[PDB]
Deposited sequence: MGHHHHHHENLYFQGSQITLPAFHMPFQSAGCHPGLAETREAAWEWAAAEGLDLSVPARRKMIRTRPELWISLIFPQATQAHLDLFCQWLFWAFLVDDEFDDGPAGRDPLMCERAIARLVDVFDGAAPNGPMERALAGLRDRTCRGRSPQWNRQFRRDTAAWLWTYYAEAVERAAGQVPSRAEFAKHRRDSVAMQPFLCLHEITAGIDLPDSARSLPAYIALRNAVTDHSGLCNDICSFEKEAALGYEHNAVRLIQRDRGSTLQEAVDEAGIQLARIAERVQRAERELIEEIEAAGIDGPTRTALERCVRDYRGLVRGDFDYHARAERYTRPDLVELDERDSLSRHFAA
């Protein structure tokens, strides 16, 4: 199987120079929180290289922000590892609802709960209720996608190609890091800016590209397999067709930027809101490219 020639018109924003430092801080954070990983889990985390993804997503971030975001990613990888109990819908329901309660303020218990509480304290405090509402929405949506997949698998139900794309937006967990971008970029989006049709299209296309690129570079429901199912093709035919669909998503990023600039000028958007939206127009390209260089390279 040969990967296709991807359509990548987005230039690179670089890689953070503190990649080695933020990895050492990530494992130093896991040890201080009592996160006891098994040997296969430790090998899996080293193989996944969370320091690489976070450094390609936030190359200009401060070291403190990069370390914090990396520990979120380190925590999210540990959450994903446990759910692939992980298939029993009754276990997933109690596990997810416990993590969300800890997020909402319930006193933590285990190491994963105290780690999440510490992550939420360092991140969510100081941010606006506008940001905390979107951050919880994206984080909780990602957590409940494990319950959704568990119940869907237990019922013998399979997702269509369209339903999986909507589900993949929350299950790729790129959106919670689009909220973290606001922190490292020094911006804050009002709900009016979040309601702009072109910003929604831009935020979703950035999320879709990350999800599909993930499935392509990783041979669980996979978009390439669903293409192979809905088209009855071989693996190489489904991989190239998946790459073509990714090219359309990259095209959606370009059209959403143009339409967002048009919506800024037409609506008379100025001040910090215009600065926050123009920051996303400039940065979301490098996020797509940074995520792409992680999965493909």
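Against the full deposited sequence, the model leaves out several stretches, namely 1-17, 102-104, 240-247, 326-349.
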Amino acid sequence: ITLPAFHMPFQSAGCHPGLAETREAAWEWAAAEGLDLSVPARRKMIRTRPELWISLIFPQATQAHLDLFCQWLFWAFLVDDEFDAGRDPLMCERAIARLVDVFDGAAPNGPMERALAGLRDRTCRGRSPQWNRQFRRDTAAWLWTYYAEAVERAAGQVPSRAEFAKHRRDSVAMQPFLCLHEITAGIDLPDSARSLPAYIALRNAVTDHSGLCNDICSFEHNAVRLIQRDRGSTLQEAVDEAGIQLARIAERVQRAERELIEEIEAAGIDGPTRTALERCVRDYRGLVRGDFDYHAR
From here on, numbers count along this sequence of modelled residues.
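Relative to its counterpart among 222-230 and 177-185, 222-230 has the higher mean temperature factor, C-alpha atoms as listed in the PDB entry. Across the two stretches, 236-244 and 264-272, the PDB entry reports the greater mean Cα temperature factor for 264-272. Comparing C-alpha B-factors across 153, 203, 209, 137 in the deposited entry, the largest value falls on 153. Residues shown: 111, 197, 190, 118. Highest C-alpha temperature factor in the entry: 111. In the PDB entry, a CA B factor belonging to the middle third of its chain's modelled residues is recorded for residue 33. Residue 46: CA B factor lies in the middle third for its chain, per the PDB record. For residue 131, the recorded CA B-factor ranks within the middle third of the chain. Only modelled residues enter the ranking. For residue 73, the recorded CA temperature factor ranks within the lowest third of the chain's modelled residues. In the PDB entry, residue 157 places in the highest third of its chain by CA B-factor.
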